[PDB]
Amino acid sequence: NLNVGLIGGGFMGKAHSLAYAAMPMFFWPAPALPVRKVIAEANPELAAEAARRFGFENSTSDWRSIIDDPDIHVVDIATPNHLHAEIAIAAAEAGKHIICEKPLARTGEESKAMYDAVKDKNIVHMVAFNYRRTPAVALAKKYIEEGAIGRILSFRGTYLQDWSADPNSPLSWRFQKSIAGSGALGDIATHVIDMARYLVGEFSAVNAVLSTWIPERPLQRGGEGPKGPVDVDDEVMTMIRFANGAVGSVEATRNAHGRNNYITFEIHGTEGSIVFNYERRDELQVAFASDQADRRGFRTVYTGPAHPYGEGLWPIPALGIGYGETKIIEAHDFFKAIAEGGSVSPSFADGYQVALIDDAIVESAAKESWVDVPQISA
Amino acid sequence: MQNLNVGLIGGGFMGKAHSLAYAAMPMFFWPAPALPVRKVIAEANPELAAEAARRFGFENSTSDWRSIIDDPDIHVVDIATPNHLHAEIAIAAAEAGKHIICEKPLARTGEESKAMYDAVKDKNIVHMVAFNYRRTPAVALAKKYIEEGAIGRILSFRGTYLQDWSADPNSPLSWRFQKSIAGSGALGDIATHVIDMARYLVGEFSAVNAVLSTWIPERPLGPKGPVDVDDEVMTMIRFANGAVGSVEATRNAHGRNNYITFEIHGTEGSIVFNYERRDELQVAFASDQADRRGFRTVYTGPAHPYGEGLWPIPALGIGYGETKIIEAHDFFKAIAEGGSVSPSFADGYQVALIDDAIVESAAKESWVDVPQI
Amino acid sequence: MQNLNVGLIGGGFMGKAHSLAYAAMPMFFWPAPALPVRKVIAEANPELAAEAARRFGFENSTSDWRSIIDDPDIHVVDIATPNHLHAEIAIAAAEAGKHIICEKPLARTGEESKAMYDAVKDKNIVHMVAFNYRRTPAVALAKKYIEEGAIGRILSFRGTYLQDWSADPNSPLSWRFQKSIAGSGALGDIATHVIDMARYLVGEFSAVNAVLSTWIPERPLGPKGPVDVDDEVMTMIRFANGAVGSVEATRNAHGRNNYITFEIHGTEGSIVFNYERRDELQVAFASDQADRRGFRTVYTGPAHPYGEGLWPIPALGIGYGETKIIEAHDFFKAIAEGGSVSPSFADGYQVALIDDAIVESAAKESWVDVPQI
Amino acid sequence: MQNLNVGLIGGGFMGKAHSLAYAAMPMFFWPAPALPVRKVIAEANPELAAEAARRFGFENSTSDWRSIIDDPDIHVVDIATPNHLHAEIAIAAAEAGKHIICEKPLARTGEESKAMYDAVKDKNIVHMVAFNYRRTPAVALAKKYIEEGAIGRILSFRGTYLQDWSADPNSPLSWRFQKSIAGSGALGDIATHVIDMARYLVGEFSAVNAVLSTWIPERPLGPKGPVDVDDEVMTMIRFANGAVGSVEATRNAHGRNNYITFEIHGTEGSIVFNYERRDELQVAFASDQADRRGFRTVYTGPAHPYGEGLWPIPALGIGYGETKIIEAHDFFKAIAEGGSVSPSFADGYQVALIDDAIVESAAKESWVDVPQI
Ligand SMILES: OC[C@@]1(O)OC[C@H](O)[C@@H](O)[C@@H]1O
Ligand SMILES: OC[C@@]1(O)OC[C@H](O)[C@@H](O)[C@@H]1O
Ligand SMILES: OC[C@@]1(O)OC[C@H](O)[C@@H](O)[C@@H]1O
Ligand SMILES: OC[C@@]1(O)OC[C@H](O)[C@@H](O)[C@@H]1O
């Protein structure tokens with residue numbers, strides 16, 4: 001039994017709480033049993049209502065009381081980006097295992113403080129880049145590590161969304177630099193960057209453009225009310241030189257009508273190619289050069305028992321993977337590392353590396369030039 | 001929020017999906033209609049049961065399902081056993097005044113299904129058959145468009161359920177291949193999902209005309225035993241409202257994993273669904289300007305049926321679990337409100353009568369009228 | 001390389017596609033089996049014929065097709081008229097020893113189709129029925145995979161041809177909606193293409209069981225006339241080799257434009273084709289390693305059947321024209337080599353017997369065995 | 001109706017596609033703006049030339065293209081040679097007062113391209129560069145939507161041209177891999193097509209920032225000559241109208257055959273195009289009701305741009321040739337009407353300047369402003 005203190009029970013609250021409720025039913029025997037012990041929220045009534053909805057034993061309106069609670073094994077940080085650092089540093093000092101939502105923090109420097117706080121402790125630390133644990137993405141990693149597409153030449157990744165494509169969508173914390181740190185870059189590009197690091201390798205250099213299409217939004221009517229500035233990017237595109245000599249690019253936007261949760265990649269290798277589209281996340285597309293010339297092309301592979309993580313999921317391909325299975329796989333690996341005194345990827349080290357890439361992107365965009373990405377060891 | 005005590009019978013594949021639905025439903029749909037309590041799970045022996053209770057988070061286990069029926073604390077009996085026990089268990093649970101959700105097919109034959117229906121038809125317990133796929137948000141969305149008149153009158157329906165998990169002859173002779181236990185093969189096991197969908201979206205069947213096929217007549221248990229059910233079924237349909245259609249299901253379609261689909265042609269539009277891409281509904285409106293007319297791919301989210309209880313954006317991703325969660329939500333809403341739910345044992349029994357008429361039709365090679373109730 | 005003088009009868013829609021094939025075939029398949037010469041075009045009146053000749057690039061026009069039959073320098077007669085003139089023209093052409101390509105359906109009925117077959121069967125002429133879609137390179141590729149055993153033995157076939165050009169009841173009556181001219185509706189006009197494909201890929205039909213529907217029974221000529229043909233056909237099929245299948249065609253599927261498709265299940269793999277994306281063939285091989293198994297999207301080009309005569313890279317793009325070019329190539333090659341071509345009038349006539357059996361089946365609501373030729 | 005004598009120079013791949021367009025264009029677009037006469041074809045030697053004339057239906061053949069330029073009765077010169085002869089031939093044709101269509105890229109460099117523009121800009125001749133993919137009906141439909149305001153103001157554009165025909169390093173060192181003949185590799189050969197599409201749909205390029213890659217730096221011809229061009233290009237783009245975007249082209253993407261695509265994001269909708277499925281345009285309108293928004297798959301036909309000249313229903317099927325036919329139609333219409341055509345040598349030259357800016361950008365690793373013609 002590992003006791004979880006969840007901090008924040010907003011748009012993501014449902015997903016985390018599901019992972020903890022469900023993970024043992026999927027991956028059994030379970031290394032440990034997550035217990036939804038206590039949830040913190042911004043005020044006591046909120047916290048109590050969240051605790052009822054998500055099935056937590058206890059509620060608090062002061063997250064510090066979770067840190068000081070010696071019966072709490074795991075702190076799950078699901079607040080806006082401005083509290084990630086302070087909470088994680090307090091939990092690390094109290095010897096807690098930590099899972100933290102992305103982006104790790106607002107900036108590279110702030111993410112550095114979080115990494116520095118966990119680097120030397122005997123705790124499992126994880127950043128919530130859940131999409132790399134889509135079974136189709138794990139499958140792409142398997143094909144690549146096997147050599148089945150040869151050496152990687154080129155990588156394309158997108159994260160295209162449209163939930164704020166209407167300028168009357170309100171000025172939430174995601175549009176305020178002081179809370180979020182960045183816009184599309186921090187909130188969604190980081191997921192793609194993580195996939196790139198996972199599947200291709202480390203970034204050597206970036207060259208980017210940041211765009212804001214909608215500079216003002218209604219404060220939280222038809223947006224006739226008072227308005228505030230958007231001082232973050234709506235959109236980012238960046239070219240990439242990988243340390244291993246592959247090239248690529250990443251594009252993310254909040255302003256692509258028709259695109260809902262369109263995290264995709266295309267990878268070209270010397271002996272084949274892989275395509276993935278999270279809107280059809282059950283599928284991975286793979287083209288092998290070795291196929292006979294008259295029957296050569298992308299195969300649509302549906303993930304199931306035969307594919308990574310399949311032993312813990314559904315008994316046939318296409319029974320259907322949702323967002324929740326990715327969080328379950330995430331929790332499985334997290335609790336497994338804890339139970340075995342091991343560690344998981346992506347960790348705060350990966351979180352910090354992504355934050356350094358983001359800083360380099362921002363700097364590249366500002367100077368209109370190639371910027372070298374520092375590795376976390378510098 | 002009242003607690004509703006669930007006794008689950010069966011801890012295999014559906015046991016897990018059902019258990020997830022009970023653990024997750026209030027998280028999803030809040031405030032919840034009622035709070036499910038995983039109170040007792042029954043399994044075939046004490047060690048399995050005990051193991052299952054720990055896996056699925058049930059307060060108690062038992063190796064005798066009758067212990068659940070006789071427990072006055074139990075509000076809900078959830079039948080997730082193979083098809084041969086559905087009837088006994090449901091009839092006992094009804095006689096004890098418990099709400100019932102039963103896996104599909106309702107029972108092995110129409111006659112057996114009739115007994116289950118008769119045991120509930122004069123009561124006001126909530127009774128449900130688990131045709132969960134009609135509660136895919138995309139399918140609910142299709143129902144919405146249809147009921148709105150957005151595709152006009154329905155002319156024609158095509159439904160499939162194509163699978164391949166047993167397309168290898170070396171796949172062994174499980175209960176699903178033995179008539180005595182299953183009642184039928186593809187027909188009972190998967191075509192019923194599609195028949196339900198047709199009843200939900202189009203309306204009642206009037207007549208059927210079918211062909212049943214068995215491609216792999218024996219399988220390993222070393223020694224082998226015979227397959228005495230269908231591997232595949234196809235049937236033409238005359239709907240009571242004058243529409244026409246067909247349904248095809250198979251276990252022998254390489255490349256097809258969980259390919260439950262439909263295509264509907266209305267006088268003012270068409271709708272296409274593919275469960276292997278379940279987040280999508282395809283809809284073509286005749287009313288589109290002539291230079292921008294065609295199927296639009298609609299991803300389900302907050303704006304679509306059940307969207308308030310699901311994920312905050314379209315394509316964050318619906319899997320199998322969400323269908324079972326929505327099923328549980330509705331079942332519990334019926335119980336908390338003293339209402340009924342669709343599909344009920346009435347629906348389950350109507351489907352069993354459609355299956356018998358398909359079998360009869362195939363044997364006689366003629367159209368068979370479907371008995372109504 | 002001989003010149004072969006073509007006399008084309010009819011200059012409507014198919015006149016254009018036919019004329020392109022004669023103009024283009026040697027550009028594609030070089031050295032060409034022979035050089036088509038667009039010698040004379042017949043149309044319904046002098047002005048129409050002369051205009052057709054200018055547009056389609058024919059040396060001569062006439063308003064009297066018989067003058068083409070009587071011309072000793074015409075080698076090929078190409079029948080592109082409505083269905084009611086196919087038989088008199090083909091029979092006259094056959095009596096004059098001309099090679100003949102005839103549009104589908106071969107004629108209005110089995111009986112009428114039989115008279116055309118009988119007129120050619122004992123002559124040393126090349127006779128062809130223009131089921132061009134089987135010569136989509138993707139469909140030829142499907143045949144190659146099947147012939148090689150690469151999907152094993154065929155269990156099951158599904159074929160469609162869904163259209164919507166007359167889905168609006170305000171679309172006017174044409175000969176296509178008149179039994180006396182067309183012989184049948186969707187059945188003759190489009191399901192024949194699917195039936196041909198089934199015969200090509202799977203084999204001969206043993207029996208059929210069908211339903212014919214008419215959805216829009218009158219159309220504007222304010223005056224209206226009757227539609228006395230089917231808008232829609234569905235049929236189950238028993239194939240002589242023991243496979244089963246079904247075909248469905250309709251004029252009344254909003255969003256479906258030229259949706260000729262098939263899905264074939266074999267013991268070792270599956271093939272799926274969709275003509276709206278004709279460049280593609282989908283194939284699933286059971287032999288793929290278990291973690292990399294499913295449908296491959298194969299784009300046709302140089303490596304695939306007919307690829308030497310087409311574009312130098314896959315997906316440079318096949319349209320309707322290329323199908324008629326390949327058709328013309330094979331036709332002229334047969335003439336040059338003193339051979340036969342498939343599908344011939346024998347094939348045309350078999351399809352007309354399949355159509356007759358489908359119509360009889362729907363009338364009687366029973367299985368009807370398909371006569372062999 | 002004027003008959004215009006065409007002198008075609010080159011009988012390779014584009015020679016054939018061009019010939020097809022001249023044979024077919026009047027059949028498609030009738031009454032035609034003018035009738036092309038395939039008068040003379042030039043090839044590298046008399047044997048090739050005469051065989052090309054027999055194959056492509058040309059009346060005369062020559063081994064010397066200058067005798068086409070010097071022939072007073074040739075009205076149109078069509079340049080379908082490799083990139084090294086474009087400028088010489090075009091400048092000669094311009095001076096002889098001929099109308100000119102020239103294959104892409106316009107020439108090997110900015111300066112060569114300039115001399116071609118300078119030679120035609122002040123003459124009363126029609127000049128055209130053969131960026132045929134912008135006349136895919138789907139791309140013309142995209143243009144229509146954009147110019148109507150149906151997707152609002154354009155924010156962002158993504159374009160690709162992914163191929164794999166030389167992904168194998170044993171594929172030989174043809175002219176396309178030799179800088180002194182081609183000028184550049186993927187950039188000039190295929191990125192230019194996407195750069196044209198971007199200019200047509202979005203607007204002029206302001207600046208580029210690029211990376212060029214060579215993956216296979218040597219090829220067979222025992223000895224291996226260097227590949228001294230790019231295999232792949234990627235570039236970011238600032239558009240003069242304030243939109244942003246990127247283009248990526250490669251010869252080294254296994255599974256990608258002729259994958260010229262774009263995605264455009266406007267303030268009120270999005271458009272997506274894939275030439276491997278060229279019959280389709282995908283469009284998402286923000287104006288759709290919240291429960292039925294998404295990309296519509298629109299199949300091009302009579303209702304869409306150029307539809308009057310093409311096939312009578314959507315998805316009868318557009319191939320490569322129809323793009324060349326539309327190109328020829330508009331070229332001949334400009335000549336008949338004393339107009340100009342788009343894209344002209346002005347456009348060809350502007351694309352060559354963009355290519356040079358990309359090359360400069362890659363070498364300097366910095367943003368380069370695109371010079372205006
Ligand atoms: O705001 C966009 C968002 O909710 O989109 C879905 C992603 O999974 C999540 O991390 C991200 O914050
Ligand atoms: O046997 C196949 C099966 O498990 O496939 C998945 C279906 O959801 C289920 O009802 C069915 O029994
Ligand atoms: O009328 C439908 C039709 O034109 O559709 C297109 C087919 O190619 C043709 O044979 C058929 O007659
Ligand atoms: O070399 C590749 C190529 O042939 O691919 C097809 C394009 O249409 C053409 O312009 C281009 O040169």
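Order of the sequence lines fixes the chain letters, A, B, ..., with proteins taken first and strands second; residue numbering starts at 1 for each chain. In each ligand, atom 1 is the first atom listed, and ligand 1 is the first ligand listed. All heavy atoms count here, side chains included; hydrogens, waters and symmetry mates do not.
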**Item:** Sidechain N-carboxylate O distance under 4.0 Å for B:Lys104, B:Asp196
**Value:** no
**Message:** Any salt bridge linking B:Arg251 with B:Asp231? Criterion: basic side-chain nitrogen under 4.0 Å from a carboxylate oxygen.
**Reply:** no
Where is the nearest protein heavy atom to [atom]: which residue, which atom, and how far?
atom: atom 12 (O) of ligand 3; result: C:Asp189 OD1, 2.7 Å
atom: atom 5 (O) of ligand 2; result: B:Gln163 NE2, 3.1 Å
atom: atom 4 (O) of ligand 2; result: B:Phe13 CE2, 3.4 Å
atom: atom 8 (O) of ligand 1; result: A:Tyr131 OH, 2.5 Å
atom: atom 6 (C) of ligand 2; result: B:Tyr161 OH, 3.6 Å

**Prompt:** Given C:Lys104, C:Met14, C:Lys324, which has its nearest heavy atom closest to atom 9 (C) of ligand 3?
**Reply:** C:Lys104
Close-contact set for ligand 3 against [X] heavy atoms, below 4.0 Å:
X: D:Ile313; result: 5 (O), 6 (C)
X: C:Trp165; result: 1 (O), 2 (C)
X: C:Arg176; result: 1 (O), 4 (O), 12 (O)

**Request:** Could you establish whether C:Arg251 and ligand 3 come within less than 4.0 Å of each other, counting only heavy atoms on the residue side?
**Result:** no
**Prompt:** A:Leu319: heavy atom below 4.0 Å from ligand 2, yes or no?
**Reply:** yes
**Asked** So C:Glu103 and C:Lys324, salt bridge (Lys or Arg N to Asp or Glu O under 4.0 Å) or not? Walk me through it.
**Response** CA-CA 11 Å; C:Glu103 264 292 350; C:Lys324 305 294 295 175; 3.5 Å; yes
**Request:** Compute the ring centroids of B:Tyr133 and B:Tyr275, then answer whether they are less than 6.0 Å apart.
**Result:** yes
